[PDB]
Amino acid sequence: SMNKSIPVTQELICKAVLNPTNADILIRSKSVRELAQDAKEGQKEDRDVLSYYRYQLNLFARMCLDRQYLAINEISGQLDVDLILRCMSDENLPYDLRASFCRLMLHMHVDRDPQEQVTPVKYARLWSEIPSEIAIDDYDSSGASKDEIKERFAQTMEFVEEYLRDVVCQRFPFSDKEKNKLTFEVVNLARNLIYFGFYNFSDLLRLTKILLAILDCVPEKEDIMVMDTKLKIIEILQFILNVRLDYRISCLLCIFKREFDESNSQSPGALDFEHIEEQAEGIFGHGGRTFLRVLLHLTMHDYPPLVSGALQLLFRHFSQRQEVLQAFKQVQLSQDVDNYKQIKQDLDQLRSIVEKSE
Amino acid sequence: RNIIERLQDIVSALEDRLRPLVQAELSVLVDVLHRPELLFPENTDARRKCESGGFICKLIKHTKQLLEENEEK
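These protein sequence lines map, in sequence, to chains A and B.
So the first sequence is residues 640 to 665, 707 to 898, 960 to 1008, 1025 to 1042, 1055 to 1102, 1106 to 1130, counted in PDB author numbering.
So for the second sequence, PDB author numbering puts the first residue at 1598; every next one is plus one.
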């Protein structure tokens, strides 16, 4: 039923549980001692673990897409935030891997319909409005308890920091099926960053970690999907440059000084080729160490797989760094009429959809 | 002043575009040159496990995917 992602069946199953509620004999103190009982490698603990594994799919079938039944799926979810701490400290590698999935599903269902991944708002105030290259202050109120999700984000980056030494283990140790057990450890945890829209600098650090994880020697079914997950994670960084560039350009343009006095780079015919050769000196030989990013794209190309075309597309896009951002200046689009402008944009989108259908 | 801003935008775009166009061509060539010269990050590929087959293998795979894949933009 869960696989269907098929709503009616999910509702029926949810209604159906009420009667038995269990199959074995049974919680915070009982779980840690059961974790200690699970520390005994043999037999009853194995049975308990199997039941728990099935149970997450119990959340997983429950967590297909439904927000109404997710409210009915709720008590388990409050328990799950608390459990989620148990997913970290337990060392339940095969176990708490499902515990991460459930938590993510619950949080996502619980809040903010917008699904904040892509920043469409490229404009700003009538002035530059405090050119702020250190800190971004976009909405601040899309989540009511933004720190409530940020508390999960506080649990998020520590779990993301848990992948950090794991790069020295998932990479320093080779890829194995036990490593594929740990491969489930990050197996969807980066997907939580996809709904994650609370901050940006940490994302840059995470991208660096992914490249680091990628290299040392020379398939991974979920591992390529793990790379396929991280390849989606690379796409979010492409928005940042454009936003920063747009803001800087606008600020420079606005002031009364606007007569050709703007020669600044966003990251001489021979002088361009000299800068090309100088960039080629940087090439053949967010302003960190860029060589790893280039290498990562090449490495992905070497890796292959059926999702490889998506990876290749990302590499070409990454190679360009400002060119479409100039073309993005044309795609940008009054404080009073800006709502009507927003309304018009929505209407226009509907019209465009209709035109596409036609 | 909006019209002036748009114009300023156009002029900026042209300069960025001339310089940008040259830069883009150079970047592509290097990447093109790099592919011809696929050895930069392939020091690990030259350390071991990399063949330096490059662009030809990539091109074949890419071509098949693109043809059967989505829009070839």
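Beta carbons: idealized from backbone N, C-alpha and C, even for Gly.
> Short check: CB of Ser-825 (chain A) to CB of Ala-741 (chain A), under 8 Å?
Replying inline: Sequence index remark: in the first sequence, residue 825 (chain A) carries index 145 (1-based). Sequence index remark: in the first sequence, residue 741 (chain A) carries index 61 (1-based). Not a contact, by the Cβ cut-off of 8 Å.
>> My assumption, with CB atoms under 8 Å, is that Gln-649 (chain A) sits in contact with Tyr-749 (chain A). Please give the rounded CB distance.
In response: Here residue 649 (chain A) refers to the residue found at position 10 of the first sequence. Here residue 749 (chain A) refers to the residue found at position 69 of the first sequence. Confirmed, about 6 Å.
> Mapping DSSP to helix, strand and coil, what is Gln-649 (chain A)?
Replying inline: Looking up residue 649 (chain A) in the first sequence gives position 10. Residue state, collapsed to three classes: helix.
> Along chain A, in chain order, which residues have C-beta atoms closer than 8 Å to that of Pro-1633 (chain B)?
Replying inline: Here the question's residue 1633 (chain B) lines up with position 36 in the second sequence. Within 8 Å Cβ-Cβ: nothing; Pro-1633 (chain B) doesn't reach chain A, min ~11 Å.
>> Can you tell me whether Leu-1623 (chain B) is buried or exposed? The criterion is at least 16 other CB atoms within 10 Å of its CB, across all chains shown.
In response: The sequence position of residue 1623 (chain B) within the second sequence is 26, counting from 1. Answer is buried; the Cβ neighbour count reaches 16.
> Can you check whether the CB of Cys-995 (chain A) is closer than 8 Å to the CB of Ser-808 (chain A)?
Replying inline: Taking the first sequence and counting its residues from 1, one reaches residue 808 (chain A) at position 128. Taking the first sequence and counting its residues from 1, one reaches residue 995 (chain A) at position 254. Closer than 8 Å, so yes.
> With DSSP run on the structure shown, which of helix, strand or coil describes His-1070 (chain A)?
Replying inline: Here residue 1070 (chain A) refers to the residue found at position 301 when the first sequence is read from its first residue. Three-state DSSP puts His-1070 (chain A) in a helix.
> At a Cβ cut of 7 Å, what residues of the segment 1608 to 1624 of chain B count as close to chain A, listed as they run along the chain?
Replying inline: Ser-1609, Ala-1610, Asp-1613, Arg-1614, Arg-1616, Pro-1617, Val-1619, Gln-1620, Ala-1621, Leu-1623, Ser-1624
> Which parts of the segment 1599 to 1639 of chain B are runs of the alpha helix (DSSP H), unbroken and 4 residues or longer, counting only runs that do not cross its ends?
Replying inline: 1599 to 1631
> Does DSSP classify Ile-707 (chain A) as helix, strand or coil?
Replying inline: Position 27 of the first sequence, counting from 1, holds the residue named residue 707 (chain A). Coil.
> Does any C-beta atom of chain A lie closer than 8 Å to the C-beta of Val-1627 (chain B)?
Replying inline: On the second sequence, position 30 is the one that residue 1627 (chain B) refers to. Output row for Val-1627 (chain B): interface = yes.
> Any contact of the segment 855 to 873 of chain A with the segment 765 to 776 of chain A, i.e. 3+ C-beta pairs under 8 Å?
Replying inline: yes
> Looking at C-alpha atoms only, which residue of A:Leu-1082, A:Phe-1087, A:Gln-1121, A:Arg-778 is the closest neighbour of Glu-1666 (chain B)?
Replying inline: Within the second sequence, numbered from 1, the residue matching residue 1666 (chain B) stands at position 69. Of the listed residues, the one whose Cα sits closest to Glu-1666 (chain B) is A:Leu-1082.
>> Using 8 Å as the threshold, is the C-beta distance between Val-847 (chain A) and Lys-889 (chain A) below it?
In response: Numbered from 1 along the first sequence, position 167 holds the residue referred to as residue 847 (chain A). Numbered from 1 along the first sequence, position 209 holds the residue referred to as residue 889 (chain A). In contact: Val-847 (chain A) and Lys-889 (chain A) (Cβ atoms closer than 8 Å).
> Using CA coordinates, which residue listed in A:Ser-780, A:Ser-1008, A:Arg-845 is at the minimum distance from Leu-892 (chain A)?
Replying inline: Within the first sequence, residue 892 (chain A) is the residue found at index 212, counting from 1. Measuring from the Cα of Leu-892 (chain A), the nearest candidate turns out to be A:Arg-845.
> Assuming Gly-757 (chain A) and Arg-792 (chain A) make a contact with CB atoms under 8 Å, what is their CB distance in whole Å?
Replying inline: Translated into the one-based positions of the first sequence, residue 757 (chain A) becomes position 77. Translated into the one-based positions of the first sequence, residue 792 (chain A) becomes position 112. Not quite, the Cβ-Cβ distance comes to about 16 Å (not below 8 Å), so this is no contact.
> What are the complete alpha helix (DSSP H) segments, minimum 4 residues, inside the segment 1638 to 1663 of chain B?
Replying inline: 1640 to 1644
> How would you list, in chain order, the residues of chain A whose beta-carbon sits under 8 Å from the beta-carbon of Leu-1663 (chain B)?
Replying inline: Along the second sequence, one-based indexing puts residue 1663 (chain B) at 66. The answer, in chain order, is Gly-1078.
> Between A:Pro-1025, A:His-789, A:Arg-832, A:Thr-1068, which lies nearest to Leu-739 (chain A) when the distance is taken from Cα to Cα?
Replying inline: Position 59 of the first sequence, counted from the start, is the residue given in the question as residue 739 (chain A). It is A:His-789.
>> Within a Cβ cutoff of 8 Å, which residues of the same chain sit near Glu-1648 (chain B), ignoring the five residues on either side of it in sequence?
In response: Here the question's residue 1648 (chain B) lines up with position 51 in the second sequence. So the qualifying residues of the chain are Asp-1642.
>> Starting from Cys-744 (chain A), trace the alpha helix (DSSP H) in both directions and tell me its first and last residue.
In response: Reading the first sequence from its first residue, position 64 is the one you call residue 744 (chain A). Looking at the DSSP string, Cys-744 (chain A) is not in any alpha helix (DSSP H), and its letter there is neither H nor E.
> Does DSSP put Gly-1039 (chain A) in a helix, in a strand, or in coil?
Replying inline: As a position in the first sequence, residue 1039 (chain A) is number 282, starting the count at 1. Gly-1039 (chain A) falls in the helix class under three-state DSSP.
>> To the nearest angstrom, how far is the alpha carbon of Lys-1646 (chain B) from that of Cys-1654 (chain B)?
In response: Translated into the one-based positions of the second sequence, residue 1646 (chain B) becomes position 49. Translated into the one-based positions of the second sequence, residue 1654 (chain B) becomes position 57. The straight-line gap from Cα to Cα measures roughly 16 Å.
> What does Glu-1666 (chain B) touch in chain A if you count any residue whose Cβ is under 8 Å from its own?
Replying inline: Counted from its first residue, the second sequence places residue 1666 (chain B) at position 69. The answer, in chain order, is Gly-1078.
> How would you list, in chain order, the residues of chain A whose beta-carbon sits under 9 Å from the beta-carbon of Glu-1602 (chain B)?
Replying inline: Working through the second sequence from its first residue, we reach residue 1602 (chain B) at position 5. Near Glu-1602 (chain B) (Cβ distances below 9 Å), the residues of chain A are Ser-991, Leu-994, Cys-995, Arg-999.
> Just to confirm, are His-1066 (chain A) and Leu-884 (chain A) a CB contact at a threshold of 8 Å?
Replying inline: To locate residue 1066 (chain A), count along the first sequence from 1; it is residue 297. To locate residue 884 (chain A), count along the first sequence from 1; it is residue 204. Not in contact: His-1066 (chain A) and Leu-884 (chain A) (Cβ atoms no closer than 8 Å).
> In angstroms, rounded to a whole number, what distance separates the CA positions of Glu-1127 (chain A) and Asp-1120 (chain A)?
Replying inline: By 1-based counting over the first sequence, the position of residue 1127 (chain A) is 355. By 1-based counting over the first sequence, the position of residue 1120 (chain A) is 348. Cα to Cα, the separation comes out at about 10 Å.
> Quick one: is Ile-1033 (chain A) near chain B, going by C-beta distance under 8 Å?
Replying inline: Taking the first sequence and counting its residues from 1, the one referred to as residue 1033 (chain A) is at position 276. With 8 Å as the cut-off, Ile-1033 (chain A) counts as an interface residue toward chain B.
>> At the 8 Å Cβ level, is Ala-716 (chain A) part of the contact set with chain B, yes or no?
In response: Here residue 716 (chain A) refers to the residue found at position 36 when the first sequence is read from its first residue. It does not: the Cβ of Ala-716 (chain A) has no partner Cβ on chain B nearer than 8 Å.
> Taking the alpha carbon of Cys-897 (chain A) as the point to measure from, which residue in A:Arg-1090, A:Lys-710, A:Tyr-1072, A:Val-1100 has its own alpha carbon closest?
Replying inline: As a position in the first sequence, residue 897 (chain A) is number 217, starting the count at 1. Among A:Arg-1090, A:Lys-710, A:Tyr-1072, A:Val-1100, the Cα nearest to that of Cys-897 (chain A) belongs to A:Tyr-1072.
> Which residue comes first and which comes last in the alpha helix (DSSP H) that contains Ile-764 (chain A)?
Replying inline: For the purposes of this step, residue 764 (chain A) is taken as the residue at position 84 of the first sequence. Here the alpha helix (DSSP H) through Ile-764 (chain A) covers 754 to 769.
>> Restricting to Cα atoms, I'd like to know which of A:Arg-985, A:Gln-797, A:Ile-664, A:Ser-731 is closest to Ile-975 (chain A).
In response: In the first sequence, the residue the question calls residue 975 (chain A) occupies position 234. With distances taken between Cα atoms, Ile-975 (chain A) lies closest to A:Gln-797.
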